[PDB]
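Now for the letters of each chain:
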Amino acid sequence: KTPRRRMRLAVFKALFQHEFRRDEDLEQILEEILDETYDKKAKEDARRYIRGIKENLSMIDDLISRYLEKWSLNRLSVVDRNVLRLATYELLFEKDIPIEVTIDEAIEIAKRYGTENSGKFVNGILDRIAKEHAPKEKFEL
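Thresholds, definitions, all that
Residues numbered from 1 in each chain as written, not as in the entry; some residues may be left out. Heavy atoms only, no water. UniProt positions renumbered as here; feature names shortened; annotations may be inferred. Helix = DSSP H or I, 4+ residues; strand = E, 2+ residues; numbered from the N terminus. Rg over C-alpha atoms; globule rule 2.2 N^0.38 Å. Buried < 20%, exposed > 50% of the residue type's maximum accessible area, 1.4 Å probe, protein only. Areas by Shrake-Rupley, 256 points an atom, 1.4 Å probe, with all protein chains shown as cover. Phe/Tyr/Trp six-rings, centres within 6.5 Å; stacked < 30°, edge-to-face > 60°. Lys NZ or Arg CZ within 6 Å of the ring centre and 35° of its normal.

Looking up the protein chain in the PDB entry gives the name N utilization substance protein B homolog, with the organism given as Thermotoga maritima. Its UniProt record gives the protein chain the following Function comment, quoted word for word: "Involved in transcription antitermination. Required for transcription of ribosomal RNA (rRNA) genes. Binds specifically to the boxA antiterminator sequence of the ribosomal RNA (rrn) operons." On record in UniProt, under Sequence similarities, the comment for the protein chain is "Belongs to the NusB family."

As structure tokens, then:
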């Protein structure tokens, strides 16, 4: 019953908050966000995302950086940096989600907390990351 969009937004919120709470653990930050309003599957999914992003962060950050020039990853807003990380993680490691969905919903988050320009920006980066790194199993889903 809990929408995928809400589950993913919790993951995003935890990453966002972590940037200003570096002394705390990302996993615990996520538990603060997850409450009775999130169902069993959503909590399980969010927990897996956070652990997968943390485990693969170096690889993910390096990958994204190969599509950035003027705007380095640390110069982007806390919103765009973490939307790119979360989307890249989803594109590479979450098997059942179509590329279009990952990209479209990631752009929604960027626009949600930024502008149409921020969104078009992220849309551009993700389109490029996807056309070169999307897993073959997603070539048609």
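We are not done yet, so read on.
We now examine the overall build of the protein chain. The helix and strand tally for the protein chain stands at six helices and zero strands. Counting from the amino terminus, the protein chain carries its helices and strands in the arrangement α-α-α-α-α-α. The globule rule puts the C-alpha radius of gyration for 141 residues at 14 Å, and the 14 Å found for the protein chain is close to it. Along the first, second and third principal axes, the C-alpha set of the protein chain runs to 40 × 35 × 30 Å. Buried residues in the protein chain amount to 48% of all 141 residues. A total of about 8,200 Å² of accessible surface is found on the protein chain, and carbon and sulfur atoms cover 48% of it.

Turning next to the packing of aromatic side chains. Here the structure, examined in full by the defined rule, presents five aromatic pairs. Arranged with centres 6.0 Å apart and planes meeting at 55°, the rings of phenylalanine 12 and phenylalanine 16 form a pair that is tilted. Taken together, the residues span about one helical turn, with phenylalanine 12 and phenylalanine 16 both in helix α1 (residues 4-18) at a distance of four residues. You can call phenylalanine 12 buried: its relative accessible area is 2%. Note on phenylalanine 12 and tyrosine 113: the rings are 5.5 Å apart at their centroids and 10° apart in plane angle, and the pair reads as stacked. Taken together, the residues span a long stretch of sequence, with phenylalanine 12 in helix α1 and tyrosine 113 in helix α5 (residues 99-113) at a distance of 101 residues. Judged by its relative accessible area of 37%, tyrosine 113 falls in the partly exposed class. Just above the ring of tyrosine 38 sits the side chain of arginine 6; from NZ or CZ to the centre is 3.9 Å.

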